[PDB]
Amino acid sequence: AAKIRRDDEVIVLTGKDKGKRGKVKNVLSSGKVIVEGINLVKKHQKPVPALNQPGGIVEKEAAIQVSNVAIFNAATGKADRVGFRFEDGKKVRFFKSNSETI
Amino acid sequence: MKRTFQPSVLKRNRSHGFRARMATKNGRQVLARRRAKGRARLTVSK
Amino acid sequence: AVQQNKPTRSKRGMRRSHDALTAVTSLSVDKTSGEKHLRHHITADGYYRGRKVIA
Amino acid sequence: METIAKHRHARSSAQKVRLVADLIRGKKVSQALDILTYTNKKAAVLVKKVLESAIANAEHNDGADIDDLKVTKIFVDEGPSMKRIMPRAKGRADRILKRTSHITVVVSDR
RNA sequence: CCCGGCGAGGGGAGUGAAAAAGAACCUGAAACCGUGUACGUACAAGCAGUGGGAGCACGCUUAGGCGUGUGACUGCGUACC
RNA sequence: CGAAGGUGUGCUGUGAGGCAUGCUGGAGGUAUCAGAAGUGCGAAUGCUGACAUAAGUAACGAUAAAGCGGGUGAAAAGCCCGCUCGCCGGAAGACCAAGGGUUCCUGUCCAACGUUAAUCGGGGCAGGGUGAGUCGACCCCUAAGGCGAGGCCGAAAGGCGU
């Protein structure tokens with residue numbers, strides 16, 4: 001299974017945004033994620049008469065490596081690691097610092 | 001001045017075609033060699 | 001007939017020492033319109049020596 | 001202040017463009033334009049366009065005045081060549097070179 | 001945004017640690033071709049250097065020197081395998 | 001807090017060489033003592049790629065031939081329209097087989113191709129166009145010749161023939 005999933009809360013470990021927090025928007029197959037408000041870029045966009053769209057300089061998000069973020073533990077206020085286990089008949093994830101189910 | 005190549009499709013096919021190659025034991029050896037080398041075109045026939 | 005030794009860049013330059021172009025000394029001004037033109041030629045608007053010749 | 005303009009990959013030989021480039025080195029811009037207008041060579045059109053581009057750049061990007069400008073530098077360099085085949089007698093083939101040049105013009109107010 | 005043929009090509013603005021990393025895109029040697037500066041060169045005969053040697057330009061100066069570039073005139077001197 | 005590689009400068013040994021440092025470059029290098037070799041290039045009318053000279057020199061492919069006005073266009077000797085001149089006419093006119101395979105028609109573009117310019121093209125890009133009981137092929141019949149059930153012959157492979 002996968003340790004990081006869509007609609008999670010994460011904290012950034014490396015790069016120019018080291019320390020910030022956000023929500024995971026979607027997961028790509030190459031091993032990257034798009035987090036909200038993180039890793040912003042300025043694109044010079046050309047206009048197109050079709051679709052009724054003008055040009056301009058736009059700010060958007062860019063993908064970041066999955067192993068550069070971590071799952072945030074609100075109880076402790078810190079970064080954490082993820083483990084797997086079976087509870088009733090089904091698989092679940094759990095925090096390794098305090099052994100609590102997610 | 002008349003030159004050496006003077007084309008004719010019927011003669012081309014009767015001289016170097018697939019069925020001509022198959023009709024004799026040495027022609028099959030030609031085909032086997034060409035298959036082993038891996039040619040995209042095996043004979044002169046379309 | 002062909003050379004026996006390869007000529008040098010110095011010789012290339014010496015031969016080309018007679019190839020420079022010459023610029024026109026001066027132009028002329030028409031007495032009515034004020035344009036510049038080649039002497040003894042008409043202007044680009046159609047004047048010569050003060051008179052309009054071509055429409 | 002110095003302003004540059006360039007034409008890269010021009011279809012001509014550097015030896016042929018240098019003959020025209022030599023005419024306007026160190027002149028005022030009005031005098032140089034007058035000289036170029038009455039020279040019956042193909043390289044003259046190309047050189048004139050480059051000079052006009054340089055003047056417009058100096059007007060728009062650096063706020064210069066046209067009446068104070070001089071042609072402070074100018075040069076021509078050799079570019080890549082194209083290779084072609086030309087047949088000759090008795091089944092022999094020769095090689096043809098099609099040469100190109102880069103043209104650079106610098107104007108200044110000093 | 002600007003010159004140009006609603007071109008090819010370029011100059012600004014902007015991205016980025018870096019644009020002589022701009023798609024003919026890591027580094028970018030040599031043959032070969034140009035622009036600028038200093039000195040020599042239009043009464044002088046040959047493997048083009050080597051030994052001697054004025055004059056000019058320029059940098060230190062411990063004001064005594066010295067270093068670097070060029071080189072009029074003169075002895076000797078017919079490449080390599 | 002700058003590795004290999006590139007380019008200068010200063011010192012040093014009898015030589016092949018060594019050491020230090022400025023600028024460029026942007027991630028690798030390797031003491032000492034031992035061990036192994038695809039271990040040192042100027043020549044072989046050597047092998048591959050790049051660039052010179054002669055030189056802006058020869059040449060631009062039948063001596064049937066051109067002139068002027070208007071149009072479009074950034075630009076017209078060569079493109080479009082008009083009037084005149086010239087050349088072939090048992091062909092340098094018209095229709096086919098063999099061979100080729102979209103070169104055919106309309107719109108749009110001028111980098112490369114066109115031995116010059118090109119607004120033009122058998123060039124680039126997109127769209128359209130080939131309608132059969134009687135024309136041909138396929139089909140029925142055989143020539144020269146080819147293949148050939150059984151058959152005759154030949155170490156094998158194979159040869160000739162009803």
Side-chain angles (χ1 to χ4, degrees), chain A residues 15-16 39-46 55-60 62, chain B residues 3 5-12 14-15 19-20 22-26 28-29 46, chain C residues 1-19 21, chain D residues 1-19 21-22 25-26 29 41-64 66 71-89 94-107:
Chain A
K16 66 177 161 139
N39 212 24
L40 289 168
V41 297
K42 295 180 217 217
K43 169 139 190 83
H44 302 229
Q45 182 75 74
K46 208 62 179 215
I57 296 164
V58 188
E59 259 212 17
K60 54 208 270 270
Chain B
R3 299 288 169 202
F5 184 50
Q6 309 289 326
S8 169
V9 176
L10 182 73
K11 267 159 80 129
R12 180 164 194 93
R14 274 183 185 164
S15 282
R19 285 176 74 70
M22 287 299 284
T24 279
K25 179 218 70 146
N26 284 117
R28 306 196 225 104
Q29 262 142 28
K46 156 161 68 168
Chain C
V2 71
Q3 71 209 13
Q4 274 188 15
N5 298 97
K6 176 172 160 173
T8 63
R9 49 176 76 90
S10 165
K11 271 177 267 167
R12 191 175 58 209
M14 273 169 193
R15 174 174 70 248
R16 286 182 194 173
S17 98
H18 287 283
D19 286 355
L21 275 35
Chain D
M1 222 67 67
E2 307 195 318
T3 308
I4 295 263
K6 295 207 264 252
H7 181 356
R8 284 171 91 253
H9 301 279
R11 261 237 74 193
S12 197
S13 197
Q15 187 186 358
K16 284 179 203 172
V17 188
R18 282 165 184 159
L19 295 172
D22 296 321
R25 194 179 267 113
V29 285
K41 295 281 207 180
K42 177 175 92 109
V45 190
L46 303 161
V47 175
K48 200 181 177 191
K49 291 192 123 210
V50 186
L51 178 64
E52 278 164 14
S53 197
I55 290 150
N57 288 337
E59 273 159 18
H60 185 266
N61 300 141
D62 304 317
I66 295 79
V71 177
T72 206
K73 299 174 181 156
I74 184 169
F75 44 100
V76 189
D77 279 349
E78 332 196 329
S81 315
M82 310 169 206
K83 313 218 180 343
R84 305 290 188 243
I85 282 142
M86 184 139 157
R88 313 295 300 257
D94 279 4
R95 174 94 64 257
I96 293 269
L97 292 168
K98 272 147 133 51
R99 296 177 177 275
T100 70
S101 48
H102 313 312
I103 308 168
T104 296
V105 178
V106 187
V107 294

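Lettering follows sequence order; numbering is per chain, from 1. Atoms considered below: every heavy atom in the structure, side chains included; atoms not considered: hydrogens, waters and symmetry mates.
Judged by ring-centre distance under 5.5 Å and interplanar angle under 30°, strand neighbours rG61(F) and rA62(F) are not stacked. Base stacking between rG107(F) and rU108(F) is present, with six-membered ring centres under 5.5 Å apart and ring planes under 30° to each other. Base stacking of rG82(F) on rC83(F): present (ring centres under 5.5 Å, plane angle under 30°). Without both centres closer than 5.5 angstrom and planes tilted by less than 30 degrees, the six-membered rings of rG90(F) and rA91(F) do not count as a stacked pair. Base stacking between strand neighbours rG13(F) and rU14(F) is not detected by the criterion of six-membered ring centres within less than 5.5 Å and interplanar angle below 30°.
Across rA54(F), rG100(F), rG11(E), the shortest atom-to-atom separation from the side chain of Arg15(C) is found for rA54(F). The listed nucleotides are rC32(E), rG100(F), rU35(E); the one nearest the side chain of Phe75(D) is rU35(E). Proximity note for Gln15(D) (side chain, C-beta onward) versus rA24(E), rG9(E), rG56(F): the nearest is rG56(F). The side chain of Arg9(C) lies closest to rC33(E), out of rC3(E), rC33(E), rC113(F).
The residue among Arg8(D) and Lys42(A) whose nearest nucleotide of RNA chain E lies closer to the 5′ end is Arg8(D). Along RNA chain F, the nucleotide nearest to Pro7(B) and the one nearest to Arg84(D) differ in position, and the one closer to the 5' end is contacted by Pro7(B). Along RNA chain F, the nucleotide nearest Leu10(B) and the nucleotide nearest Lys25(B) are compared for position; the residue whose nucleotide lies closer to the 5' end is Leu10(B). Place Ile4(D) and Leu40(A) on RNA chain E by their nearest nucleotides, and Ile4(D) ends up nearer the 5' end.
Applying the 4.0 Å criterion to OP1 and OP2 of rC51(F), one finds that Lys83(D) has a side-chain N or O inside that range. Of the side-chain N and O atoms in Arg18(D), none sit less than 4.0 angstrom from OP1 or OP2 of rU35(E). For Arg12(C) and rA55(F), the shortest distance from a side-chain N or O to OP1 or OP2 is not below 4.0 Å. Between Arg11(D) and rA111(F) there is no side-chain N or O to OP1 or OP2 distance below 4.0 Å. The side chain of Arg16(C) contributes no N or O atom lying less than 4.0 Å from OP1 or OP2 of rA55(F). Within the structure, every side-chain polar atom (N or O) of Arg12(B) is placed at least 4.0 Å from both OP1 and OP2 of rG99(F). The side chain of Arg99(D) places no N or O atom within less than 4.0 Å of a non-bridging phosphate oxygen (OP1 or OP2) of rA55(F).
Base pair annotation for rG69(F) with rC140(F): unpaired, by the Watson-Crick or G-U wobble rule (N1-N3 plus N6-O4 or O6-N4, or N1-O2 plus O6-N3, under 3.5 Å). Between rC68(F) and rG82(F) there is a Watson-Crick or G-U wobble pairing whose two distances both come in under 3.5 Å. Taken as a pair, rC120(F) and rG114(F) qualify: Watson-Crick (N1-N3 plus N6-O4 or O6-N4) or G-U wobble (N1-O2 and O6-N3), both under 3.5 Å. Taken together, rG121(F) and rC113(F) meet the test for a Watson-Crick or G-U wobble pair: both N-N or N-O distances fall under 3.5 Å. Base-pair annotation: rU50(E) with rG75(E) meets the Watson-Crick or G-U wobble criterion (two N/O distances, each under 3.5 Å). Nucleotides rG10(F) and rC19(F) satisfy the base-pair criterion: a Watson-Crick or G-U wobble arrangement whose two donor-acceptor distances both fall under 3.5 Å. Nucleotides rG151(F) and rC160(F) are base-paired: the Watson-Crick or wobble atom pairs both lie closer than 3.5 Å.
If you take atom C1' in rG124(F) and the same atom in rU102(F), they sit 16 Å apart, rounded to whole Å. Taking atom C1' on both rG71(E) and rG46(F), the two are 44 Å apart, rounded to the nearest angstrom. The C1' atoms of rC85(F) and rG107(F) are separated by 37 Å, rounded to the nearest whole Å. The separation of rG73(F) from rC79(F), taken at their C1' atoms, amounts to 11 Å, rounded to a whole angstrom. Nucleotides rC2(E) and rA13(E) place their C1' atoms 11 Å apart, quoted to the nearest Å. Comparing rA92(F) with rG86(F), their P atoms sit 22 Å apart, to the nearest whole Å. Remark: the separation of the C1' atoms in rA52(F) and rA30(E) is 14 Å, to the nearest Å. One P atom belongs to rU130(F), the other to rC105(F), and the distance between them is 15 Å to the nearest Å.
Here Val50(D) lies out of heavy-atom contact (under 4.0 Å) with every strand. As judged by a 4.0 angstrom heavy-atom cut-off over every strand, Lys16(D) is placed among the base-contacting residues. Counting non-hydrogen atoms under 4.0 angstrom, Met82(D) reaches nothing in the nucleic acid. Within the 4.0 angstrom heavy-atom criterion, base atoms lie near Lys49(D).
Judged by atom type and distance alone, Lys6(C) reaches the base of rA52(F) through a side-chain donor-acceptor pair under 3.5 Å. Between the side chain of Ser13(D) and the base of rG56(F), a donor-acceptor pair under 3.5 Å is found.
Checking side-chain atoms of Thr100(D) against main-chain N and O of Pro80(D) turns up a donor-acceptor pair under 3.5 Å. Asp77(D) places no side-chain N or O within donor-acceptor distance of the main-chain N or O of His102(D), the cut-off being under 3.5 Å.
Dense packing is recorded around CZ of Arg25(D), with more than 12 heavy atoms of other residues, nucleotides or ligands lying under 6.0 Å away. Applying the 6.0 Å contact sphere to CG of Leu40(A) captures more than 12 heavy atoms from other residues, nucleotides or ligands. Within a 6.0 Å radius of NZ in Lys11(B), no more than 12 heavy atoms belonging to other residues, nucleotides or ligands are found. The number of heavy atoms from other shown groups lying within 6.0 Å of NZ (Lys11(C)) is above 12. At most 12 non-hydrogen atoms from other residues, nucleotides or ligands lie less than 6.0 angstrom from NZ of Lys41(D).
For the side chain to side chain contact (heavy atoms under 4.5 Å, CB included) with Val107(D), the qualifying choice from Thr72(D), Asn57(D), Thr3(D) is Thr3(D), the only one to do so.
For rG51(E), the ring torsion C1'-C2'-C3'-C4' comes out positive, which puts the sugar in the north group. With its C1'-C2'-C3'-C4' torsion below zero, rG131(F) shows a south sugar pucker. Going by the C1'-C2'-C3'-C4' torsion, the sugar of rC58(E) sits on the north side, since that angle is positive. A negative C1'-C2'-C3'-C4' dihedral is found for the sugar of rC41(F), placing it in the south range. Pucker check on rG67(F): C1'-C2'-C3'-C4' positive, sugar north.
A distance cut-off of 5.5 Å between ring centres, combined with a plane angle under 30°, leaves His102(D) outside any stacking arrangement with the base of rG9(E).
Following rounding to the nearest Å, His44(A) (NE2) and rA19(E) (P) show an atom-to-atom distance of 15 Å. Spacing between atom NZ of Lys6(D) and atom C1' of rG11(E) amounts to 10 Å, rounded to whole angstrom units. Nucleotide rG56(F) holds its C1' atom 10 Å from the NZ atom of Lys41(D), rounded to whole Å.
Separating the CZ atom in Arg8(D) from the OG atom in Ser101(D) is a distance of 12.0 Å, to the nearest 0.5 Å. Note: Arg18(D) CZ to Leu21(C) CG = 15.0 Å, rounded to the nearest 0.5 Å.
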